[PDB]
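Visitor:
Number of protein chains: 2
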Amino acid sequence: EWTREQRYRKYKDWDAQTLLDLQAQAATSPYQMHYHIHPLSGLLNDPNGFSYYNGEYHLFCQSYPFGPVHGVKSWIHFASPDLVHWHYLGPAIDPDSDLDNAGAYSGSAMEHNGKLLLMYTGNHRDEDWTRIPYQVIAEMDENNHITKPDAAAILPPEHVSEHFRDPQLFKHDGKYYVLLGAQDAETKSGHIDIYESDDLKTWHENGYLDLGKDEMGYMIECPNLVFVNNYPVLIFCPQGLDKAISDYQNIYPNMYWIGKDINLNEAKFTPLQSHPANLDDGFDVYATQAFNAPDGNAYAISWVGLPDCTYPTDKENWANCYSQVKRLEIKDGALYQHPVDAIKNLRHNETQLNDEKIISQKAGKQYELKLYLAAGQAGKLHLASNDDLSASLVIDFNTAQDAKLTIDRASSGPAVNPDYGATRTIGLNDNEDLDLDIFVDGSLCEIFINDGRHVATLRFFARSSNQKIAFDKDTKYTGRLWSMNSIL
Amino acid sequence: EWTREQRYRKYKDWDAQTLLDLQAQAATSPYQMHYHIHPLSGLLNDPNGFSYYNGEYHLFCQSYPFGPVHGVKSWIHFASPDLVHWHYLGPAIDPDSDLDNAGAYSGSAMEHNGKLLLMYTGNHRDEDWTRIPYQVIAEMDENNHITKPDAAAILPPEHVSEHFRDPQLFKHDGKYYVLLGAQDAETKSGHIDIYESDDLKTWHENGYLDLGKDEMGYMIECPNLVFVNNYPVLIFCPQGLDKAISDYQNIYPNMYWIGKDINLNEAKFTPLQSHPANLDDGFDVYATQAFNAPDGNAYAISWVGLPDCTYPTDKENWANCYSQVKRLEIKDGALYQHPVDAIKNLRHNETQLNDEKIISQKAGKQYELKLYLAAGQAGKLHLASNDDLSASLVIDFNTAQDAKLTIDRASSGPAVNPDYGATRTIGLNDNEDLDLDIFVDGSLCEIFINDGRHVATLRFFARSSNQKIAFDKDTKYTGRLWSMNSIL
Ligand SMILES: OC[C@H]1O[C@](O)(CO)[C@@H](O)[C@@H]1O
Ligand SMILES: OC[C@H]1O[C@](O)(CO)[C@@H](O)[C@@H]1O
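Quick mapping for you: the protein sequence lines, in order, are chains A and B. Here UniProt numbering is used: position 189 in the first sequence is 190, and no number is missing along the way. Here UniProt numbering is used: position 285 in the second sequence is 286, and no number is missing along the way.
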């Protein structure tokens, strides 16, 4: 219902009273998250510039502050000591120049000679509203102040369409590389385009990374290369991916692909996995960004929200949030994702659990529930439930002969993008034990399965009084329930 | 230099781009606090509505978001689990009605039947810009949403001037009371006016609290009654207080007065102390608010900033911050002030200290330094220092025969309200040991002396590279230095 004209009106054409009212409405929503990054107002999308710089972790965010829609985008900035306690540093990059006149689109951050380079796509729209994507390298100093150049680092080559964006800038084997999401103009196929530079001034196009003969959709958004336990891992968003390659149920998937080896000079990838896999088996994860931190870990964080989708909170004039930070690991040829050790510092009021059918009559809105469930069982765990278990988030489990987890949000509250289904299923090994580490925060749930072998992340909109946690049947398990303190 | 017209322009007449730019400028200031409450933009003053409600601590703030000046005021809202980790809930009360058309001035919060009543002064200005102060009772619900009535609870009586504000609403001995700061129309003397109600609907004026025959200045701002270890304690701001009653060096003082007994029905106070005393011996504390929490403690928090004063950060378009929360105690007939136990959770990188002249060559911008210094010594402790100790915050101590502490900020950076002096002195007991617990955060320093017997709080603006901590001479002492994590 918001027209193009309304979405692209400049921030200076909105009044400040409207913005202050929107900040109040977002912060005081009964569906707001209070230990995950969320918008101060309006809509949040893709994580950007995820980095370590000047003694702390940095994270930037795609932002449209005036409503629950993809209006003209800016970067906002947060920092933290520990990947958990974030503090807001305000807007960072505005759509205020010719290069970015219709948005400061997504990008990355790389430390260089005591500064943090912020490489992003300028979403230019010309006199005729034709999109011309520019790749821009801005610079942030040790006081978090940003300067932007007058000229693009990379102009769009003739062989890509208008879709050519989301640069990842990094240093590898003494050279600089940029990975970009690209649509080939002739085939309309999705690719990761590689550029290289010795000096950050002149860029050479090495060409599309060779990901085999099968198409990766019609566009790749938010490509990332991170090294995890010495393996090159791609994390990327192939819009229109053929489900023959990999099943997924969300409108657009967020995949990962582990390589044995990558050669960015020759645009070669040697796959470890025969096929890419879903990063997240849940309902709402997109635009994951990852980076290699100086502690020797690779960290990722996800937009919880999908393009071209709607949510029940739209009428409250704000949208979406982030996942918690995930530390990455490769084990047994698969990507594992772990909560960072600092998130334990939010825990309070520990309860020990042993075989209790009702875990809590009323658990509050922010908790962590960690369970060890025996093999050979079937049943349902209800979270954010009413008393009679008819309205809840359901985790339907079987650890017996047809083992699997089905997460069902149909009865949890109002419908959420129901054209893409109200259930998500994760196969499990027959007759094996099951670990769950479940984080609830307002209208966000993150389920870490079998110590991070799988992660299911989703929005859900339960009535405020629906806080019960219970199994439907007597279940053999041990675990702990903690409240999680508000920090945001 | 900001005219009346500019200060009173409605928030809707500012553009949102200006507000977003101001949020960035405030948050990224190299003088910003990162573990104390600070404005998201513009100017912060008096703490308001300090309370416990709906499972958490609440604090509201006088705010003018558009610059470093006392423009037309609103309340903003923060909450926390622990009086340390605050999260922003946005604007709460706007100057958007006839009752508060020229400001939502200060006030208090009292829980009532599952709601939080917010009692505040409406700063009305009529057709002729004549001030008419109204006392208004607004109501907040369990989702932090506020409704405001159409009519005032208390209209200004004929015997007070236009200065009649800052209501403290509370329940005591089964009745409701309101304490207001008042200027008598005939004498132009400062008073605390007492109102009482059985139902919160009809208010009866009990009259000025009898604080003896000596005048308490020309106006009392921000009056508070809190019960501390069963003593009634007044905390208040008597503008124009005669220094014959008590020495103070700040433009306007923030005093406290312990009573043996108070009778709010008869407007009687029985003093324990012969005279009121300074709450804070430093350079910048004003408008302290306190309340009795359900854990049985009394807690206070202070505006760090003074009316009618200027600061070096004014050119960065933001102003001021809060103190940390202080837990109150009465000991030996004096008010002691203690950090809350939760602030220890910010500590990291502990260093043990024993007699070292140089504590740190470079301590960072956020730390806690706790020292035990032997009796019989004299010297200077330099904080936020250059290498040669010529530019620093100085704590000049003597624990020998003329014992005292002098805090000197003259060489720390640019001048700060120098008409009110660059030193503050606290007498100490001759030939006694000295405890200091010093918190540095950006441009804020809080010095807790002798386990909270005195507190000195000040702004200071050191060069970013001035981070040395050192004694000028060999000094006998033990202590600890911790870094303090950013949370805001
Ligand atoms: O907000 C704009 C950004 O969002 C995406 O469409 C993915 O969600 C990116 O390709 C683009 O940079
Ligand atoms: O911001 C307005 C408030 O500030 C004071 O002048 C004290 O600093 C109060 O008496 C008034 O309510």
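Every residue gets a Cβ at the ideal spot worked out from N, C-alpha and C, and that includes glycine.
Ignore the nearest five residues each way along the sequence and tell me which others in residue 76/B's own chain have a CB closer than 6 Å to its CB.
Guide: In the second sequence, the residue the question calls residue 76/B occupies position 75. Closer than 6 Å at the Cβ level, and outside the excluded window around residue 76/B, lie 49, 61, 93, 94 and 105.
Visitor: Where does residue 99/A fall in DSSP's three states?
Guide: Your numbering for residue 99/A matches position 98 in the first sequence. If DSSP states are grouped into helix, strand and coil, residue 99/A belongs with the helices.
Visitor: Mind listing, in chain order, the residues whose beta carbon lies closer than 7 Å to a non-hydrogen atom of ligand 2?
Guide: Qualifying residues come out as 46/B, 47/B, 63/B, 71/B, 74/B, 104/B, 106/B, 107/B, 122/B, 166/B, 167/B, 182/B, 222/B, 223/B, 238/B, 287/B, 288/B, 304/B and 308/B.
Visitor: 9 Å is my cut-off, CB to CB: does residue 24/B come that close to chain A?
Guide: As a working note, residue 24/B is residue 23 in the second sequence. Answer yes: the Cβ-Cβ gap between residue 24/B and chain A drops below 9 Å somewhere.
Visitor: Spatial neighbours of residue 26/A within its chain, please: CB distance less than 7 Å, with the 5 preceding and 5 following residues excluded, ordered by chain position.
Guide: Against the first sequence, residue 26/A aligns to sequence position 25. Counting only Cβ-Cβ distances below 7 Å, and skipping sequence neighbours, we find 317, 318 and 319.
Visitor: Closest to residue 276/A by CA distance: which of 247/A, 264/A, 202/A and 287/A is it?
Guide: Here the question's residue 276/A lines up with position 275 in the first sequence. Checking every option, the nearest Cα to that of residue 276/A belongs to 247/A.
Visitor: Buried or exposed, going by whether 16 or more other CB atoms sit within 10 Å of the CB of residue 304/B?
Guide: As a first step, residue 304/B must be located in the second sequence, where it is residue number 303. Classification of residue 304/B: buried, given that the 10 Å Cβ count is 16 or more.
Visitor: Check whether the Cβ of residue 424/A lies closer than 9 Å to any Cβ atom in chain B.
Guide: In the first sequence, residue 424/A corresponds to position 423, counting from 1. No, no contact with chain B.
Visitor: What residues from the region 244-257 of chain B come within 8 Å of chain A, judged by C-beta to C-beta, listed N to C?
Guide: none
Visitor: Report the neighbours of residue 20/A on chain B: residues whose CB is nearer than 7 Å to its CB, in chain order.
Guide: Numbered from 1 along the first sequence, position 19 holds the residue referred to as residue 20/A. Simply 17 and 20.
Visitor: Taking the alpha-carbon positions, what's the residue 136/A to residue 160/A distance?
Guide: Counted from its first residue, the first sequence places residue 136/A at position 135. Counted from its first residue, the first sequence places residue 160/A at position 159. Between residue 136/A and residue 160/A, the C-alpha separation is close to 16 Å.
Visitor: How many Å lie between residue 412/A and residue 464/A at the Cα?
Guide: Looking up residue 412/A in the first sequence gives position 411. Looking up residue 464/A in the first sequence gives position 463. Whole-angstrom Cα-Cα distance: 11 Å.
Visitor: With 9 Å set as the bound, which would you pick, yes or no: does the beta-carbon of residue 442/A sit closer than that to a beta-carbon of chain B?
Guide: The residue given as residue 442/A occupies position 441 in the first sequence. No, its Cβ sits nowhere closer than 9 Å to a Cβ of chain B.
Visitor: I'd like to confirm something about residue 538/A: is its beta-carbon nearer than 8 Å to some heavy atom of ligand 1, or not?
Guide: Outside the displayed range of chain A (2 to 489) lies residue 538/A, so it cannot be described from this structure.
Visitor: Leaving out five residues on either side along the sequence, give the residues of the same chain with a beta carbon under 6 Å from the beta carbon of residue 432/A.
Guide: Position 431 of the first sequence, counting from 1, holds the residue named residue 432/A. The answer, listed in chain order, is 376.
Visitor: I need the DSSP call for residue 225/B, collapsed to helix, strand or coil.
Guide: The sequence position of residue 225/B within the second sequence is 224, counting from 1. Strand, per DSSP.
Visitor: For a cutoff of 9 Å on Cβ pairs, would you count residue 289/B as touching chain A?
Guide: Position 288 of the second sequence, counted from the first residue, corresponds to residue 289/B. No, no contact with chain A.
Visitor: For my contact list, residue 400/B and residue 374/B are in at a C-beta cut-off of 8 Å; report their separation, rounded to the angstrom.
Guide: Counting from one through the second sequence, the residue named residue 400/B turns up at place 399. Counting from one through the second sequence, the residue named residue 374/B turns up at place 373. Confirmed, Cβ separation roughly 6 Å.
Visitor: Go ahead and pull the three-state DSSP assignment for residue 150/A.
Guide: In the first sequence, the residue the question calls residue 150/A occupies position 149. Coil.
Visitor: For residue 331/A and residue 339/A, what's the separation of their Cα atoms in angstroms?
Guide: Start at 1 with the first residue of the first sequence, and residue 331/A comes out as number 330. Start at 1 with the first residue of the first sequence, and residue 339/A comes out as number 338. Approximately 11 Å between the Cα atoms of the pair.
Visitor: Taking the alpha-carbon positions, what's the residue 150/B to residue 139/B distance?
Guide: Within the second sequence, numbered from 1, the residue matching residue 150/B stands at position 149. Within the second sequence, numbered from 1, the residue matching residue 139/B stands at position 138. Cα to Cα, the separation comes out at about 6 Å.
Visitor: Going by the DSSP bridge assignment, what does residue 34/A pair with across the sheet?
Guide: On the first sequence, residue 34/A is found 33 positions in, with the first residue counted as 1. DSSP, once it has assigned bridges, lists no residue as partnering residue 34/A.
Visitor: Mind pulling the chain B residues with CB within less than 8 Å of residue 323/A?
Guide: Here the question's residue 323/A lines up with position 322 in the first sequence. Chain B residues near residue 323/A: none, gap ~15 Å exceeds 8 Å.
Visitor: According to DSSP, is residue 8/A helix, strand or coil?
Guide: Here residue 8/A is taken as the residue at index 7 of the first sequence, counted from 1. The answer is helix: DSSP assigns residue 8/A an H, G or I state.
Visitor: Roughly how many angstroms separate the alpha carbons of residue 481/A and residue 488/A, rounded to a whole number?
Guide: Here residue 481/A corresponds to residue number 480 of the first sequence, with the count starting at 1. Here residue 488/A corresponds to residue number 487 of the first sequence, with the count starting at 1. Approximately 22 Å between the Cα atoms of the pair.
Visitor: Any idea if residue 325/A is buried or exposed, counting beta-carbon neighbours within 10 angstroms, 16 or more meaning buried?
Guide: Here residue 325/A corresponds to residue number 324 of the first sequence, with the count starting at 1. Buried is the call here.
Visitor: Considering just the uninterrupted stretch of the beta strand (DSSP E) at residue 63/A, what are its terminal residues?
Guide: In the first sequence, the residue the question calls residue 63/A occupies position 62. Segment 57-65, the beta strand (DSSP E) holding residue 63/A.
Visitor: From the DSSP output, in three-state form, read off residue 74/A for me.
Guide: By one-based count along the first sequence, residue 74/A stands at place 73. Three-state result, residue 74/A: coil.
Visitor: Residue 5/A: buried (16+ other C-beta within 10 angstroms of its C-beta) or exposed?
Guide: Position 4 of the first sequence holds residue 5/A. Result: exposed.
Visitor: Below 9 Å between beta carbons: does that hold for residue 126/A and residue 306/A?
Guide: Here the question's residue 126/A lines up with position 125 in the first sequence. Here the question's residue 306/A lines up with position 305 in the first sequence. Against a cut-off of 9 Å, the Cβ pair of residue 306/A and residue 126/A comes out as no contact.
Visitor: Hey, does residue 488/B have any beta-carbon neighbour from chain A nearer than 9 Å?
Guide: The residue labelled residue 488/B in the question sits at position 487 within the second sequence. It does; some Cβ of chain A falls within 9 Å.
Visitor: Could you list which residues in chain A have their beta carbon closer than 9 Å to that of residue 59/B, in chain order?
Guide: Here residue 59/B refers to the residue found at position 58 of the second sequence. In chain A, no part has a C-beta under 9 Å from the C-beta of residue 59/B; the shortest such distance is about 12 Å.
Visitor: Which chain A residues sit within Cβ distance under 8 Å of residue 86/B?
Guide: Within the second sequence, numbered from 1, the residue matching residue 86/B stands at position 85. Under the 8 Å cutoff, chain A gives 86, 486, 487 and 488.
Visitor: What does DSSP give as the partner residue(s) for residue 408/A in the beta ladder?
Guide: Walking along the first sequence from the start, residue 408/A turns up at place 407. Its beta-bridge partners are 396/A and 425/A.
Visitor: Under 7 Å between beta-carbons, which chain B residues line up against residue 145/A? List them in chain order, please.
Guide: Translated into positions along the first sequence, residue 145/A becomes position 144. Ordered by position in chain B, the residues that pass the 7 Å Cβ test against residue 145/A are 29.
Visitor: Since residue 63/B contacts residue 42/B with CB under 8 Å, what's their CB separation in whole angstroms?
Guide: As a working note, residue 63/B is residue 62 in the second sequence. As a working note, residue 42/B is residue 41 in the second sequence. Contact doesn't hold; Cβ gap of about 14 Å is too wide.
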